[PDB]
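Residue-level structure breakdown
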Amino acid sequence: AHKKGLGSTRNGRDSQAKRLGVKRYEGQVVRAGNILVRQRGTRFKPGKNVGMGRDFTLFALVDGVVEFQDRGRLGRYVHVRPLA
Amino acid sequence: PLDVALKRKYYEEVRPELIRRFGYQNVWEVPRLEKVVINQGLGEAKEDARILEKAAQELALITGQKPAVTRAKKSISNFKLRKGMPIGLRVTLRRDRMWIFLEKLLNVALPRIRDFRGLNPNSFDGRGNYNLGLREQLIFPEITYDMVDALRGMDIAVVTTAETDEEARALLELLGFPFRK
Amino acid sequence: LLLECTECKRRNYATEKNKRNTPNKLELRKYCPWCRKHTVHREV
Amino acid sequence: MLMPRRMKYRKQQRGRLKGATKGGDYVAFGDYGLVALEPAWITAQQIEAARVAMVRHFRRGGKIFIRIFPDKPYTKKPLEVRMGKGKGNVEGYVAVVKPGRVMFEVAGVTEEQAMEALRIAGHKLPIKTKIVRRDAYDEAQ
Amino acid sequence: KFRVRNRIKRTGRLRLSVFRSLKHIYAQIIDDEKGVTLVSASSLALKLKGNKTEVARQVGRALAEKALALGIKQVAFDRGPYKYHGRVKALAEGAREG
RNA sequence: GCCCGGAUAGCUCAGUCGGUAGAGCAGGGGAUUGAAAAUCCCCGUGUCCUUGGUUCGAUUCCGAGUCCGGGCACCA
RNA sequence: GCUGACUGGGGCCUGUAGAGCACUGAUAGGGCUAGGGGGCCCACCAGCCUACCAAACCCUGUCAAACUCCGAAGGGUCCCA
RNA sequence: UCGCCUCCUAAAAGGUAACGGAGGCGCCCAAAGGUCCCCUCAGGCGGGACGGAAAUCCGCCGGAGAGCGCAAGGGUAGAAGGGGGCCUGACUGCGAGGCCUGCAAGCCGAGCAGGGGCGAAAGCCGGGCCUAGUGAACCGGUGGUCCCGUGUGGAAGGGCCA
RNA sequence: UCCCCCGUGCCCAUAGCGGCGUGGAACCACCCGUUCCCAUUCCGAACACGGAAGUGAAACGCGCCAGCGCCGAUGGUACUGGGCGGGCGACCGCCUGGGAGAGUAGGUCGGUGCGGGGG
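Structure determination for this entry is recorded as X-ray crystallography, at 3.3000 Å resolution.

The name the PDB entry assigns to chain D is 50S ribosomal protein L16, from the organism Thermus thermophilus. For this structure, the PDB entry title reads "Crystal structure of thermus thermophilus 70S in complex with tRNAs and mRNA containing a pseudouridine in a stop codon". Of the comments in the UniProt record for chain D, the one headed Subunit reads "Part of the 50S ribosomal subunit." Note on chain D: under the UniProt heading Sequence similarities, the record states "Belongs to the universal ribosomal protein uL16 family."

Under the PDB entry, the name given to chain A is 50S ribosomal protein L27, and the source organism is Thermus thermophilus. Turning to chain A, the UniProt annotation filed under Function states: "Found on the solvent side of the large subunit." As stated in UniProt under Sequence similarities, the record for chain A gives "Belongs to the bacterial ribosomal protein bL27 family."

Listed below in structure tokens is the structure:
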């Protein structure tokens, strides 16, 4: 029973998925610390009461509420309008 | 001094002629030298361990300024050396110093060029401003046949207000540039 | 090359990394010791 | 035979055939078209064959416009082999064709010669075809 | 160009913007967010001496004393294309420091 | 990882028991020859790997950084 | 102990279907045309022509999982019912 | 073929398999790090002695196609790019709070104290434009050290920190 | 409240390119200098200081223009939440909700906040 012989591929890899993205959206209450975006660039630029880590990660600097903002050529900002 | 021949000549002779030739309304529209940047290429100096800081301290006598030590931006194996430590030698002259340099060049140096029939009249081309290049650097007074060792030429770009080379041609010819008609 | 660093004349360690051939020798640098605050540190 | 000169990638996924043609659906060059009535992959060998027949008919005569181009690679595992072990080898190339695509076109010819030539070609194609004229295909102003 | 826009490094309230003209020198204490100018002092445009850097000290002193009154103790020092030098508003007053 | 051995001319290598730098061979000219070798003559090559030091000096003595050469272990 | 699924209204998040050629490549016909091949033809190096290979540019036509100037339906999420 | 990273497949949150398509990693930088101050690309068309078709020089045109050590993607000149000055925060003691998530890992982190660096200052600095360059425990080795020390004092040998 | 300029934000090209006219009394620039502060891998070019003869040429501000760029309906299609049909298959079709992209008409040579100086 004559078995045909076959090859191999040099292909079968991908990396671990890395769960990127926005983590809180407009109008979600947040505490200081809360990370808001996991990103690979300045896909969003940090706004009011928003810091950004060595890895581009945006985060709430206060306990507030999130607002987004497109400024066309200036890009997109995430802010935390504080409640108090 | 704050005044030299050419400088005077420009104002009390050429300035007006041009206003008469081309009919300018404003003092500023009247073309004027901007600068004369002079430069040496120097494909050697790189190699044979060549310090060749001989050229700048020498150049400084003629131009009157300590030149600046320019360097290569890519790596070219083909044409040797690798970006950086590289070589080239460039000085920028404005005001008096510019004038003193041209004064001497036109009135003296171009005279003892080896051949000579006049400066090439195809080295502006619209693109206002004028380029020319030399071979021997001893053609200037300050340089002596004792001082030399290698004959390093140079490029002279002279930049002006003139937007067309018509009106720029006039300016230079009237300042005393002998052109090869 | 892996590398440690000493509050010159005693204890403490900080630990780094030089490139020997590349700019290397006598690695010395102004770092802080918890060993009463703070001095010049050598390699080893 | 009829293939690109380069490709970004050597092999590519098969995909599907939604209706319509997207474009290439109106005349534009010559004075008579051969239009698609069904989707299909058309192989370079078919295109060529048809084209040659066209010419052969009005031998060396008018002009021909081949409006589909086989950019898609066509894989096929070696014969007799079992499954797995990566994608197959590239055997040829196809042009994706969808109903209402004007695949051919002719100029400088009698309607009699044309009508006929095309018919002939329609035979070499593995799909149903229709002949066309130059109606309201003049997308102007 | 003069892009410079180190002012773009404005992260934390109360801009003292400075504009230096060949002739004069002007300066305003600006609130961003509100987009609003509060207090504002000038060279001979506030009617003052025929000098320059010595005038700068005076238009400084002048700005401050006005603002102090309004609460303002502390700010940040601007002039964008400044090259922080010369025409320096080293006034007493303000708690913007330096 | 720890103990050995080494570095000297272009190449392979001798040695004051601290005071001289040398074979051999390759290399270049000259004699021989029907020749190419082997012969026989003359002439070049020295950071004695490295800074320190002992001493009246050092090339061999000692500290030493350095590069190769072994040798015996070890490896959670 | 009413907070659930699911539903209504508001607000963010998105890059598929479709479409498009602005980027990355592929591509038909025509024009113009750097180089190169080759005929005219000579070393005084130019010069003219080409129903040949061929950049960019122009006109007209297309294609794409790893293209996107563009982009639905839907989907995810928080608030209030 | 076996771990890790990029892209697609993946059906517009996340996640998503196959001996599906196609590439990278097992390093590197004492400046390629901190801060302050400056500077702006690739091309294209002229023009210029040696000078190619980019050596260096001049002038226009050129928002980004350059560059950012290295694969890809994202991002980016209103710098993350280039150049210079002082520097060592490539800190020690801590960490509100979150991302991710079967576990254990992985990741971001404001702010407080110590003692610093750059800045007039506002401020910024707990390595590097970002996402690979990695290996739990066990068993040992070094250097430290408030600790334990088999009747007592010390040793031997342990623990603790690195 | 109304002009004009000087600062400084917001909207994010309907703000732009390119053309064409204007403006110097005031602002602003270019300008006059390079002693002094401060500067240049060489240059007072740039940065900086002291000025005020000259110009609005450059740059900036204000107007007009649609050639290019930008924006862009309506209608109709594509695609599709959900409901259901035909074909042997590739795929096609009807319902009810949603509804592009290209393209046609058309529009655009900006709008606005605060503060200052001048009628």
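From this point, the narrative continues.
Points about the pattern of salt bridges
In the structure shown here, the tally under the stated rule is 22 salt bridges over all chains. Note that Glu17(B) and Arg20(B) form a salt bridge whose closest N and O atoms lie 3.1 Å from each other. With a gap of three residues between them, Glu17(B) and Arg20(B) both fall in helix α1 (residues 5–22), about one helical turn apart. In this structure, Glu105(D) and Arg67(D) form a salt bridge, with 3.5 Å as the shortest nitrogen-oxygen distance. Taken together, the positions of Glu105(D) in strand β6 (residues 102–107) and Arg67(D) in the loop between β3 (63–64) and β4 (72–76) put the pair 38 residues apart, joining distant regions of the chain. The exposure class of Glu105(D) is buried, given its relative accessible area of 0%. When salt bridges with common partners are traced through the structure, they connect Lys54(B), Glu58(B), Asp149(B) and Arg152(B) into a single cluster.

Structural notes on the arrangement of the chains
Contacts between protein chains span two pairs of chains, and they are most numerous for chains A and D. With no contact formed, the shortest span from any C-alpha in chain B to any C-alpha in chain C equals 18 Å. At the level of C-alpha atoms, the two units chain D and chain E stay apart, their nearest approach being 41 Å.

Overview of the pairing of strand β3 (residues 89–93) of chain B
Residues and elements named next belong to chain B. Only one face of β3 is covered, namely the one carrying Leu89, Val91 and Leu93; the face carrying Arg90 and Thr92 has none of its residues buried. Bridge count between strand β1 (residues 33–40) and β3: five bridges; the pairing is antiparallel. In the strand pairing of β3, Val36 is matched with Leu93. Pairing analysis gives two bridges linking strand β2 (residues 68–69) to β3, with the strands arranged antiparallel. Across the sheet, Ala68 pairs through a bridge with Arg90, a residue of β3.

Some remarks on the protein's contact with RNA strand I
Near RNA strand I lie 54 residues; those nearest to it are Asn26(B), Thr92(B), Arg16(D), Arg15(E) and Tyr26(E). Within 4 Å of the protein, the contacting atoms of RNA strand I are 76% sugar and phosphate, with bases supplying the remainder. For the surface near RNA strand I, the leading source of residues is strand β1 (residues 15–20) of chain E, giving four residues. Class assignment for the residues of the surface near RNA strand I results in 17 nonpolar, 18 polar and 19 charged.

Considerations on the protein's contact with RNA strand G
Of all residues adjacent to RNA strand G, which total 30 residues, the nearest are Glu26(A), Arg5(D), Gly24(D), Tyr26(D) and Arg101(D). By atom count, sugar and phosphate contribute 73% of the portion of RNA strand G lying within 4 Å of the protein. A distance of 2.7 Å separates a phosphate oxygen of RNA strand G from a polar atom in the side chain of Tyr9(D). Between RNA strand G and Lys11(D) there is a distance of 2.9 Å, counted from a base nitrogen to a backbone nitrogen or oxygen. Considered class by class, the residues forming the surface near RNA strand G number 10 nonpolar, seven polar and 13 charged.

A word on the packing of aromatic side chains
By the definition in use, this model includes 13 aromatic pairs over all chains. For the ring pair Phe19(E) and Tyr26(E), a centre distance of 5.6 Å and an interplane angle of 10° mean the geometry is stacked. Given a relative accessible area of 48%, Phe19(E) falls into the partly exposed group. Between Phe77(E) and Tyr84(E), the aromatic rings sit 5.8 Å apart at their centres with planes inclined by 90°, giving edge-to-face as the arrangement. For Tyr84(E), a relative accessible area of 42% corresponds to the partly exposed category. Here the aromatic residues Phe124(B), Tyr130(B), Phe177(B) and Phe179(B) are joined through ring pairs into a cluster of three or more. Seen from the ring of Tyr77(A), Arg71(A) lies directly overhead, with NZ or CZ sitting 5.7 Å from the centre. A cation sits over an aromatic face here: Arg87(E) above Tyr84(E), 6.0 Å from the ring centre.

Considering the sheet that holds strand β5 (residues 50–52) of chain A
All names here are of chain A. The strand order across the open sheet formed by four strands is β1-β3-β6-β5, and the pairing between neighbours is antiparallel. Two strands in the sheet have a free side with no partner beyond their single neighbour: β1 (21–22) and β5. Note: β5 against strand β6 (residues 58–60), three bridges, orientation antiparallel. If you follow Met52 over to β6, its bridge partner there is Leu58.

Procedures and definitions
Residues numbered from 1 in each chain as written, not as in the entry; some residues may be left out. Chains lettered and ligands numbered in written order. Part of a larger assembly, values for the part shown. Heavy atoms only, no water. UniProt positions renumbered as here; feature names shortened; annotations may be inferred. Salt bridge = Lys/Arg side-chain N within 4 Å of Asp/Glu carboxyl O. Helix = DSSP H or I, 4+ residues; strand = E, 2+ residues; numbered from the N terminus. Buried < 20%, exposed > 50% of the residue type's maximum accessible area, 1.4 Å probe, protein only. Contact = heavy atoms within 4.5 Å. Pairing = 2+ DSSP bridges. Near = heavy atom within 4 Å. Nonpolar A, V, L, I, M, F, W, Y, C, P; charged D, E, K, R; others polar. Polar contact = N/O pair within 3.5 Å; in protein donor to acceptor, adjacent residues only side chain to side chain. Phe/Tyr/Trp six-rings, centres within 6.5 Å; stacked < 30°, edge-to-face > 60°. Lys NZ or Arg CZ within 6 Å of the ring centre and 35° of its normal.

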